[PDB]
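One chain is shown next in structure tokens, namely the form solved without the ligand.
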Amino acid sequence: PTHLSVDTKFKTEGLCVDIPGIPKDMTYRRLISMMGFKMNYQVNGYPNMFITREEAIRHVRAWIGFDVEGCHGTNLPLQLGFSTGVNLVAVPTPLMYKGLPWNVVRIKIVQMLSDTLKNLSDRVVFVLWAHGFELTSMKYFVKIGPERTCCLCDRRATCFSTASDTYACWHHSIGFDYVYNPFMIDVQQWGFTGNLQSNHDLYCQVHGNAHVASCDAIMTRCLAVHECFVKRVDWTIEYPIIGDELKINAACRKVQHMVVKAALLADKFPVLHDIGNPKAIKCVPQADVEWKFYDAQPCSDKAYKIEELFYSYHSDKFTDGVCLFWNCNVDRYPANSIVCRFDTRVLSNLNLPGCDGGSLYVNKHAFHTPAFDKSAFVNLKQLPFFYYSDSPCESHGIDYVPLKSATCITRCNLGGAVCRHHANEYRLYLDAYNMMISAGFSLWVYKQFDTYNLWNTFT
């Protein structure tokens, strides 16, 4: 069972206010036909417009909440709302656009989806809380058929143009008017009691109902994200490379080793309490310190309470030595800590909007992260950039401009002049550090941390 069978039953109860008299007995096969689409017994890669929850989770980067609200259905104008925040008004003659005929509305839809998704996914998945009008309005902007490739490249086709009779992906669809072979999923098929707002508001106070189609579109995708990534966590699902994933992950490992190695050298803690990933390895394997591990999986709902991670009866005394929370999201870090905390507000192709202020960070695996909270860091300070190295000054083996920097903590800089080797390594480390900060990661440290204490490791 790779795809959702068209002969699967579709509960039509959510649809009978917009569509009175709808048959209770309904399949996807009959529903698609009623939506004005003909699938012609086609075995060409598009078995069903609707997909399973599992296929939706694999394609989370494609999710776009979609809601249609009748302003007045043949004679009435429709308000089309998308989880991008956009509201279009289609006439059959927070961004609010005035009423316009479908032929121009469909051009705006292709532009919006292509700009939102070209750097995220090879498709669109319309996330619905279906009541009727969203499904009946799809014939006005969607064309279906066999799976196709782009006219300008090797990617799959997501748009079609009636002006040129051609197909295009999200990158080459300027001037295209039809969404081609989109996917969709109705959240209302998952067995919920009550309406959209009552189920959304049980888990999220960040999205409100300003009573427009885009507000519902946002709540719909938010509730779908809560169900599939907050209260259900699957870290087995792999996701494609769409940006700087490999460099960001490599930078993270270099910054962790650098920052922990320097903290151990500058303050000589007898013990390190490593709280986080149960699969973690010693990031500074040559350090003299007693390394003690504590398992805690990445929290996807609310941040861990420090009182529950530490208390209720390990050295038992976490106040001895230093605590390392590398992506272990707690409500208030202890004063003796080294912390790496993902900033959920960061704008990037890897970070998708999430539930209750949190975000869905997708890098190889999907990780819903609780909202960034500045108050979690009151006992700590921001960790300044610095590069430390006790490696011998020796070139071995990229042209050179002399490096002058107060943050290159090396024997050569102490002795007056930075050597070529440490200058190349400094600039490579600064690049890795900047990559990690820009990816949304933030670094925090105990208030006594001072890089001045690293110069005396050169005696």
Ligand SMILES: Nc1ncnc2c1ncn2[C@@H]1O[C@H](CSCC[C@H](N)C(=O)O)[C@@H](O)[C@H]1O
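When you see a residue number, it is the position in the sequence shown, counting from 1.
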Fill in: Unresolved deposited residues in the interval that joins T93 and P94
10 or more
Discussion item. What does the record say about the segment between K374 and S375: how many deposited residues are without coordinates (none, 1 to 3, 4 to 9, 10 or more)?
Written reply: none
Response to the item:
Ranked by mean Cα B-factor in the entry, 317 to 325 and 115 to 123, top stretch is 317 to 325
Fill in: Comparing 73 to 81 with 268 to 276, the one whose average Cα B-factor in the PDB entry is higher
73 to 81
Practice prompt. Using the temperature factors in the entry, find which of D186, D234, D216, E134 has the highest value at its Cα atom.
Written response: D234
Worksheet item: Between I57, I409, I398, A62, which carries the biggest CA temperature factor in the record?
Response: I398
Discussion item. Looking at the temperature factor on the CA atom of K108, which third of the chain's modelled residues does it land in?
Written reply: lowest
Discussion item. Ranking the modelled residues of this chain by C-alpha B-factor as given in the entry, is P353 in the lowest, middle or highest third?
Written reply: lowest
Worksheet item: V230's Cα B-factor: lowest, middle or highest third of the chain?
Response: highest
Worksheet item: Within this chain, which third does the Cα B-factor at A224 fall in: lowest, middle or highest?
Response: lowest
Worksheet item: Split the chain's modelled residues into thirds by Cα B-factor; is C153 in the lowest, middle or highest one?
Response: highest
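Missing here is the form deposited with the ligand bound; even so, the following discussion is about that form.
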Worksheet item: Is it open or blocked here: the ligand placed from its pose in the entry with it bound by C-alpha superposition, 2.4 Å cut-off to backbone or C-beta atoms, 3 or more ligand atoms needed to block?
Response: blocked
Discussion item. Would you classify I275 as touching the ligand in the entry with it bound, given a 4.5 Å non-hydrogen atom cut-off?
Written reply: yes
Worksheet item: Hey, in the entry with it bound, is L309 touching the ligand, heavy atoms inside 4.5 Å?
Response: yes
Worksheet item: Any of the heavy atoms of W326 lying within 4.5 Å of the ligand in the entry with it bound?
Response: yes
Worksheet item: Taking heavy atoms and a 4.5 Å cut-off, does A296 contact the ligand in the entry with it bound?
Response: yes
Item to complete: Let me know the one among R332, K381, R253, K108 whose heavy atoms come within 4.5 Å of the ligand in the entry with it bound, would you?
Response: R253
